[PDB]
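Positions of Cβ are generated from backbone atoms using ideal geometry, with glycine treated the same way; all protein chains shown enter the neighbour counts. Laboratory data are not the source of any read-out in this text; all were calculated from the coordinates shown.
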Amino acid sequence: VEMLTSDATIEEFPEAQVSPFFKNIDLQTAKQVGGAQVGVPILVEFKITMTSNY
Amino acid sequence: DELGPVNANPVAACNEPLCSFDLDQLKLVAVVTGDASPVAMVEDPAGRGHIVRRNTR
Amino acid sequence: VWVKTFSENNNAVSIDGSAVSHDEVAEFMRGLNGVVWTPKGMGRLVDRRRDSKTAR
């Protein structure tokens, strides 16, 4: 869904953390898609890339 | 929890292969003969080579 | 219930752990040492950690 920013290769420094098993790189993008008279989503489409642990 | 145990068990063996394919599909490539007894060489419909000899299947 | 991983090389140990708070990790870190580290060398084990290729 080329709503999305691209990429999947970088070098990461931690700001905050909650899962000791997950290193999320960043919320790569997010756009609230409203829809039209034919129907809704209204939600916030988004994209994330994350290197796990192991 | 199953990927983080990064585990692979590679393929290199026989699949037990030719006993899963029909005999008229197999093609004789070559034959070797010497002191180690005569051995035939045969080709799969999947294009693998095999080596088989008297008493084998 | 503790600390997680231990891995040595007969000169240094690179451990991996978990503690109760800013206190027991402070007790543990005090029980050892405290150092101003300077010129670090990058080695192929670091990237094997970035690769996930050495399980940690």
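Quick notes on this structure:
- For B:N15, the conditions (1) surrounded by 10 or more Cβ atoms within 10 Å (Cβ to Cβ); (2) closer than 30 Å to A:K23 by Cβ; (3) polar (S, T, N, Q) are fulfilled apart from (2).
- Filtered residues of segment B:22-57 (kept if assigned to a strand (DSSP E or B), touching an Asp or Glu at 6+ places or on another chain (Cβ under 8 Å) and exposed (fewer than 12 other Cβ atoms within 10 Å of the Cβ)): B:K27, B:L28, B:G49
- The single residue among C:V13, C:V25 that is loosely packed, with under 10 Cβ neighbours inside 10 Å and of a type in the set (A, V, I, L, M) turns out to be C:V13.
- Where a residue in segment B:39-51 is more than 10 Å from B:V29 (Cα to Cα) and its partner, wherever it lies, is among the charged types (D, E, K, R), with Cβ under 6 Å and at least six apart: B:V39/B:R53
- Residues of segment C:20-56 satisfying the condition of being assigned to a loop (DSSP other than H, G, I, E, B), among the aliphatic types (A, V, I, L, M) and within 13 Å of the chain's Cα centre (by Cα): C:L32
- When the residues of segment B:1-21 are filtered to those that are in a loop (DSSP other than H, G, I, E, B) and aliphatic (A, V, I, L, M), the one that is farthest from the other protein chains (Cβ to nearest Cβ) is B:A13.
- Any hit, segment C:48-55, residues being small (G, A, S), without any contact (Cβ under 8 Å) to a residue 40 or more places away in the chain and over 19 Å from A:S52 (Cβ atoms): no
- The number of residues in segment A:2-54 that are touching a residue at least 40 places away in the same chain (Cβ under 8 Å) and more than 14 Å from every other protein chain (Cβ to nearest Cβ) comes to 7.
- Those residues of segment C:28-56 which are surrounded by 11 or more Cβ atoms within 10 Å (Cβ to Cβ), within 14 Å of chain A (Cβ to nearest Cβ) and not charged (D, E, K, R), in sequence order: C:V46, C:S52, C:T54, C:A55
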